[PDB]
Structures are given as C-alpha cells and as structure tokens.
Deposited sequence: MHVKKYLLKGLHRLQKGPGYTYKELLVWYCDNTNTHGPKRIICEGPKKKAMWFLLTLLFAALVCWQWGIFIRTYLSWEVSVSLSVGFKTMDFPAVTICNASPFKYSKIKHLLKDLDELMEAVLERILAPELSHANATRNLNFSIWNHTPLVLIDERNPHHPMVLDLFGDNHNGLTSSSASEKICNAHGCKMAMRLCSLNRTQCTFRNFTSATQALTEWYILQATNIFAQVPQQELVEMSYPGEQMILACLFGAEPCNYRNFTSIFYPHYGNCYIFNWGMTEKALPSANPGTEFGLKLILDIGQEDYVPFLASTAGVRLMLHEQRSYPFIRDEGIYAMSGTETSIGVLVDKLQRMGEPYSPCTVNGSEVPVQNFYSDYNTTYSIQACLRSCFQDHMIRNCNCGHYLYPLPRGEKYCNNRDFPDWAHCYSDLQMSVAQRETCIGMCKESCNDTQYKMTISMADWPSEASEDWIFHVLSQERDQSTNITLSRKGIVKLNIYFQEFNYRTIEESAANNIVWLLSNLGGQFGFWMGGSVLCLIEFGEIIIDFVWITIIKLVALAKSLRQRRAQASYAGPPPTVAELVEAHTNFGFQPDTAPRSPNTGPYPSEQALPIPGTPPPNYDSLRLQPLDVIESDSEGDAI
C-alpha cells in the first residue's frame, strides 16, 4: 500500500537539456564524392520506373537488388529484376520488394513493399548505411553540418552563448547533434522566471541546399528536451521545427517517482541489469531506451559478427560492411522485423524509479516579417560569411510556463 501525492506549481529548477540535430545527417556538398556511384545508380532506378522510354555500377545493385513481384496471375507468379511499352507494373496485384540473400544467393528473402516511394527510400537507406559503416568517425563528423554555421544566435535569458557552449556528439542517424545545457563539465543553468524573455532563444540555420536528396526528405530541425546526464534519443522522443517560423516551446517537467525495489520492479542506479551498456563512453545515467539499444546491438553482434551503424560499437568489434560481412543485410532484417526478440529484451531491461517527462506545448508563427527581413538577414549573413532565405532560418523560443513542474511522488503508507 503506497500513497500518491500530487503537487503542481512553479519552483526554481535546472533548465532542460536542449539537443539540436539537423534533418540531414551530412552535407551533400562534402559527401557527394562518397555517394557518387550510389546516387548515379539511384537516378537510373528512377528513370527505369518513371520514364522507361528515355554506365552503372552493379556491384552496389547486386548487394540488394530491388526486384518487381508481378503476382496478379495466381497460376504463374514471376519476379522480374529492374536491371510495345516497357513500363513497370503498378496495378493492384503487382508489388516491389527487396531481395536479401544470405549465403551465395541461396537463402534469399523478400522485404515486400506496396508503393515504390517507400521501397526506394528503404533501399537507399540500406545502401547508404553500408557506405557510412566503413568510414572512420573522425572523418565522418567533419563531413556533416558544423556548429559554427547551424547555431547563428544563442541567448539564454540575459547570458549569451554560441556554438562553443553546445556539447557536440555524433548521432549516427541525424549526424552531429549539439546539446545546449547538458551538464557533463559545467553545472546546469537554472531558470527561476517563466516567460520567453527569461528562456532560451536560438536562431538556427538549416541548409537545405546541402541536404542529401534521396536520404533526407523532411526539411526541419530535430529538437529534444531531456535530463542533464541522459543520452538524447532523437528518433524516439523528438520533435521537429518548421523553417522560417518562431517555434515557442513551453516546458512542463512532469515527474513520477516510483516507490522502490520491494514495491515495483524499477532500478535506481541501473547496474542491476544483465546486459552491458554500450553508451558508457558518454558517462550518462541509466535509461530504458539505452538498454533496448544495447541488447539489440548485442544480439546483432551475436548472430552476425558485426555491429550495426546506427548503434554504438564496443571496443574490438567492427561495423557491418559489405566487403567483410555480406550477410549483414539479411542479419539486420531478421532482427529488426522480429517481435519475438523485442519482447525478450524488454523483460531483461528494467525501468527507472524516477522518470521525467516534458509536457511541452508547441506554438509557431512566421518569424521573418516583411519589414524586418531586410536587416535581419543582412546581419546574420555578415556574421556567418564575414546563403540565407526563408527556408534556412529557424527561430526557437524555449521557456517555462506558469507551472513548470508536476510531481507525482509515491510514499510507503
């Protein structure tokens, strides 16, 4: 029997950690030399599907051939490879799939797709990850969006800031991310005044001209509010922000403190879990999401002798490439599309007794006005260069509402 106590209001507390990731993982102007043969092959696949009437590198195509499954004839289903109308079928009985072979093109499986716009994205991501897994990280970070050009302005209340106050990490899905107030080296900045005037003010530059065409579709900027010593999982808990608007974000710290171990299966420190944490290089606190990615990466190395690119890699292991482990495409597919292994890891991982959420309300408005667009863009371009349009500049106003916390504490009674 535990007692539940609710207390909402306003109090002085530390400002949430603001993680800033760009939509595209890398700049196309600095990575086109690495994705030259892939993009040249992707344009050929588009021409084969869109306008068939109107050299290539088949070493990339033979890794995962995008085939067409024409099964509208129940007595004769056929599978045709893309590489007197010569159009490609798009009727109700036809479909497009990816042929994933395991051992010498014998144990080949099909990842079926109904629309071509989805199969082309999944095929390009699988081929791009194959190239991004065989390049060192020290070289893979410099070919992404730097913090000097993204963060054009930073003003937390009355104290200014710049790209040097943002901790730079490399999220393998969104490239270089920047955390405003993390708290690993210096103490977290508290805020005791609600309102946009006392909150965080940011002016970000989203360069859409350097986006990867076949990899990054959305032209926004990812934002996440998390704790001070927690790893930012952008794909799970992450919001967007339109380009050319002022996104006001009112934060509300909604906490829930569980009773303890003898009353609920929750951990405090996080060292009681059996699986080892692969995020130990960041010195962050325990997180349930970090345990779900450490088990999957451990199961990934267990089946095939390689680790995925979208997850941390232990010391001594190697990422999944095509020149070393050609079976990683079938290996990763059998582990991603498997609800059985997902349920096993959830049972092994435990939750934290003190969880924290941020019930944030998003309100946007067109920031660059017709009267202020002249001098604003002239100042920002003068500081960056010595290139900016409505699609580039992003305005963010993060702050606390009238009530900034809502704690639900459980007490033994």
| query | finding |
| --- | --- |
| Ranges of the deposited sequence (numbered from 1) for which no C-alpha atom is modelled | 1-77, 132-138, 168-178, 482-485, 513-640 |
